[PDB]
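For reference, the structure discussed in these notes is given below.
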Amino acid sequence: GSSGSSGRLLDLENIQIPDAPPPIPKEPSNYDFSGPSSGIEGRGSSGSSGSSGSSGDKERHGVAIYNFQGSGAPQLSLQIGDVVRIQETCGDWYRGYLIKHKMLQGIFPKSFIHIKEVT
């Protein structure tokens, strides 16, 4: 085998994060979702059935690095040090929910989500 030189040996590990987070990007174009017409959310209706078999149980593990403050869906709030279950990915925004608190679901900027790939 053949290997070159290295240069990633320190005593204070710390991700290469900037002093401050960049200006959140612009919302993605008219989403291309698909399902039952949404509107009776306030009224309330049971029925959260979907994937029956094994369509694709391969989600992405991310972590919030910057404190995001939203107002309401589809916008979702996030807190640094929080992990979310990434299901889909549109434009410059992710689609999922807070694993710790599923009670809240929506989208968020990818620039705020740290995709962990330790595997």
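Convention: chains lettered A, B, ... in structure tokens order; per-chain residue numbering from 1; ligands numbered from 1 as shown.
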Give me the residues within 9 Å of segment 64-78 of chain A as a PDB file with N, CA, C and O atoms, in the first residue's frame, counting only C-alpha atoms and dropping any in the same chain fewer than 3 places off.
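After the write, around_35.pdb holds the following:
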ATOM      1  N   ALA A  20     -19.188  33.344  13.388  1.00  0.00           N
ATOM      2  CA  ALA A  20     -20.638  33.503  13.374  1.00  0.00           C
ATOM      3  C   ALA A  20     -21.251  32.835  12.148  1.00  0.00           C
ATOM      4  O   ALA A  20     -20.629  32.732  11.091  1.00  0.00           O
ATOM      5  N   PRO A  21     -22.500  32.369  12.290  1.00  0.00           N
ATOM      6  CA  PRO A  21     -23.225  31.702  11.203  1.00  0.00           C
ATOM      7  C   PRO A  21     -23.608  32.666  10.086  1.00  0.00           C
ATOM      8  O   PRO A  21     -23.924  33.833  10.319  1.00  0.00           O
ATOM      9  N   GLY A  81     -27.136  21.511  19.330  1.00  0.00           N
ATOM     10  CA  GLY A  81     -26.957  20.278  20.075  1.00  0.00           C
ATOM     11  C   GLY A  81     -28.156  19.357  19.969  1.00  0.00           C
ATOM     12  O   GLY A  81     -28.293  18.414  20.749  1.00  0.00           O
ATOM     13  N   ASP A  82     -29.025  19.629  19.003  1.00  0.00           N
ATOM     14  CA  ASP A  82     -30.219  18.817  18.798  1.00  0.00           C
ATOM     15  C   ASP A  82     -30.108  18.003  17.512  1.00  0.00           C
ATOM     16  O   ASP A  82     -29.617  18.492  16.495  1.00  0.00           O
ATOM     17  N   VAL A  83     -30.568  16.756  17.567  1.00  0.00           N
ATOM     18  CA  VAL A  83     -30.521  15.874  16.407  1.00  0.00           C
ATOM     19  C   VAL A  83     -31.903  15.707  15.786  1.00  0.00           C
ATOM     20  O   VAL A  83     -32.899  15.554  16.493  1.00  0.00           O
ATOM     21  N   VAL A  84     -31.956  15.737  14.459  1.00  0.00           N
ATOM     22  CA  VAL A  84     -33.217  15.587  13.741  1.00  0.00           C
ATOM     23  C   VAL A  84     -33.143  14.446  12.733  1.00  0.00           C
ATOM     24  O   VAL A  84     -32.100  14.206  12.125  1.00  0.00           O
ATOM     25  N   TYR A  97     -37.966  16.170  11.342  1.00  0.00           N
ATOM     26  CA  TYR A  97     -38.512  16.597  12.625  1.00  0.00           C
ATOM     27  C   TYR A  97     -37.511  16.357  13.751  1.00  0.00           C
ATOM     28  O   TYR A  97     -36.500  15.677  13.565  1.00  0.00           O
ATOM     29  N   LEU A  98     -37.800  16.918  14.920  1.00  0.00           N
ATOM     30  CA  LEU A  98     -36.926  16.764  16.078  1.00  0.00           C
ATOM     31  C   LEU A  98     -37.104  15.391  16.717  1.00  0.00           C
ATOM     32  O   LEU A  98     -38.160  15.086  17.273  1.00  0.00           O
ATOM     33  N   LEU A 104     -42.904  18.515  17.185  1.00  0.00           N
ATOM     34  CA  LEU A 104     -42.622  19.597  16.248  1.00  0.00           C
ATOM     35  C   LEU A 104     -41.976  19.059  14.975  1.00  0.00           C
ATOM     36  O   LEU A 104     -40.960  18.367  15.029  1.00  0.00           O
ATOM     37  N   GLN A 105     -42.571  19.385  13.832  1.00  0.00           N
ATOM     38  CA  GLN A 105     -42.053  18.936  12.546  1.00  0.00           C
ATOM     39  C   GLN A 105     -42.040  20.078  11.535  1.00  0.00           C
ATOM     40  O   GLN A 105     -42.839  21.008  11.625  1.00  0.00           O
ATOM     41  N   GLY A 106     -41.126  19.999  10.572  1.00  0.00           N
ATOM     42  CA  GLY A 106     -41.027  21.033   9.559  1.00  0.00           C
ATOM     43  C   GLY A 106     -39.738  20.945   8.765  1.00  0.00           C
ATOM     44  O   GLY A 106     -39.225  19.852   8.522  1.00  0.00           O
ATOM     45  N   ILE A 107     -39.215  22.097   8.359  1.00  0.00           N
ATOM     46  CA  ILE A 107     -37.979  22.144   7.588  1.00  0.00           C
ATOM     47  C   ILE A 107     -36.971  23.094   8.225  1.00  0.00           C
ATOM     48  O   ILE A 107     -37.310  23.871   9.118  1.00  0.00           O
ATOM     49  N   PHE A 108     -35.728  23.029   7.759  1.00  0.00           N
ATOM     50  CA  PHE A 108     -34.668  23.883   8.282  1.00  0.00           C
ATOM     51  C   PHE A 108     -33.514  23.988   7.290  1.00  0.00           C
ATOM     52  O   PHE A 108     -33.361  23.164   6.387  1.00  0.00           O
ATOM     53  N   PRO A 109     -32.683  25.027   7.457  1.00  0.00           N
ATOM     54  CA  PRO A 109     -31.528  25.266   6.586  1.00  0.00           C
ATOM     55  C   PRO A 109     -30.429  24.228   6.784  1.00  0.00           C
ATOM     56  O   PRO A 109     -30.059  23.907   7.913  1.00  0.00           O
ATOM     57  N   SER A 111     -27.412  24.600   6.204  1.00  0.00           N
ATOM     58  CA  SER A 111     -26.237  25.279   6.740  1.00  0.00           C
ATOM     59  C   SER A 111     -26.233  25.234   8.264  1.00  0.00           C
ATOM     60  O   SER A 111     -25.224  25.536   8.902  1.00  0.00           O
ATOM     61  N   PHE A 112     -27.368  24.857   8.842  1.00  0.00           N
ATOM     62  CA  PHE A 112     -27.496  24.774  10.292  1.00  0.00           C
ATOM     63  C   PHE A 112     -27.446  23.321  10.760  1.00  0.00           C
ATOM     64  O   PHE A 112     -27.272  23.047  11.948  1.00  0.00           O
ATOM     65  N   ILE A 113     -27.602  22.397   9.818  1.00  0.00           N
ATOM     66  CA  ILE A 113     -27.574  20.975  10.134  1.00  0.00           C
ATOM     67  C   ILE A 113     -26.205  20.372   9.834  1.00  0.00           C
ATOM     68  O   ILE A 113     -25.700  20.479   8.716  1.00  0.00           O
ATOM     69  N   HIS A 114     -25.611  19.736  10.839  1.00  0.00           N
ATOM     70  CA  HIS A 114     -24.301  19.113  10.682  1.00  0.00           C
ATOM     71  C   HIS A 114     -24.439  17.614  10.433  1.00  0.00           C
ATOM     72  O   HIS A 114     -24.612  16.833  11.369  1.00  0.00           O
TER      73      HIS A 114
END
Running DSSP on the backbone, which parts of segment 14-68 of chain A land in strand (DSSP E or B), as a PDB file with N, CA and C atoms, in the first residue's frame?
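Written out: result.pdb:
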ATOM      1  N   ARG A  60     -30.848  10.193   7.372  1.00  0.00           N
ATOM      2  CA  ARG A  60     -29.572  10.840   7.652  1.00  0.00           C
ATOM      3  C   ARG A  60     -29.561  11.437   9.057  1.00  0.00           C
ATOM      4  N   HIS A  61     -28.440  11.277   9.753  1.00  0.00           N
ATOM      5  CA  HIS A  61     -28.301  11.800  11.107  1.00  0.00           C
ATOM      6  C   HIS A  61     -27.625  13.167  11.094  1.00  0.00           C
ATOM      7  N   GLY A  62     -28.345  14.182  11.566  1.00  0.00           N
ATOM      8  CA  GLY A  62     -27.798  15.527  11.598  1.00  0.00           C
ATOM      9  C   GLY A  62     -27.827  16.129  12.988  1.00  0.00           C
ATOM     10  N   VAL A  63     -27.157  17.266  13.153  1.00  0.00           N
ATOM     11  CA  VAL A  63     -27.107  17.945  14.442  1.00  0.00           C
ATOM     12  C   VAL A  63     -27.096  19.459  14.265  1.00  0.00           C
ATOM     13  N   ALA A  64     -27.972  20.141  14.996  1.00  0.00           N
ATOM     14  CA  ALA A  64     -28.063  21.593  14.923  1.00  0.00           C
ATOM     15  C   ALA A  64     -26.827  22.251  15.527  1.00  0.00           C
ATOM     16  N   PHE A  68     -31.682  28.167  15.671  1.00  0.00           N
ATOM     17  CA  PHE A  68     -32.627  28.682  14.688  1.00  0.00           C
ATOM     18  C   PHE A  68     -33.948  29.062  15.351  1.00  0.00           C
TER      19      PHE A  68
END
*Name all residues at most 12 Å from segment 32-38 of chain A (count only C-alpha atoms; drop same-chain ones fewer than 3 positions away) and give them as an NGL selection string.*
:A and (28-29 or 41-45 or 47-50 or 74 or 88-91 or 95)
How about saving the chosen residues, C-alpha atoms kept, as a PDB file, in the first residue's frame?
ATOM      1  CA  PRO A  28     -37.047  26.839  -1.732  1.00  0.00           C
ATOM      2  CA  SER A  29     -39.443  27.171  -4.669  1.00  0.00           C
ATOM      3  CA  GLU A  41     -55.146  20.604  10.691  1.00  0.00           C
ATOM      4  CA  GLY A  42     -56.912  22.777  13.248  1.00  0.00           C
ATOM      5  CA  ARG A  43     -60.014  20.593  13.341  1.00  0.00           C
ATOM      6  CA  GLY A  44     -57.980  17.454  13.963  1.00  0.00           C
ATOM      7  CA  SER A  45     -58.206  14.056  12.284  1.00  0.00           C
ATOM      8  CA  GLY A  47     -54.722   8.786  10.311  1.00  0.00           C
ATOM      9  CA  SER A  48     -50.927   8.664  10.280  1.00  0.00           C
ATOM     10  CA  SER A  49     -50.479   5.510   8.201  1.00  0.00           C
ATOM     11  CA  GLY A  50     -47.977   5.300   5.359  1.00  0.00           C
ATOM     12  CA  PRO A  74     -43.547  24.695   7.408  1.00  0.00           C
ATOM     13  CA  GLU A  88     -35.916  14.156   2.582  1.00  0.00           C
ATOM     14  CA  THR A  89     -33.774  16.949   1.138  1.00  0.00           C
ATOM     15  CA  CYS A  90     -35.037  19.812  -1.024  1.00  0.00           C
ATOM     16  CA  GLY A  91     -32.920  22.648  -2.384  1.00  0.00           C
ATOM     17  CA  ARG A  95     -37.118  17.967   5.686  1.00  0.00           C
TER      18      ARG A  95
END
*Separation of atom CA of residue 117 of chain A from atom CA of residue 56 of chain A in Å*: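 Spanning atom CA of residue 56 of chain A to atom CA of residue 117 of chain A is a straight-line distance of 18.5 Å.
Put simply, atom CA of residue 17 of chain A is 16.4 Å away from atom CA of residue 79 of chain A.
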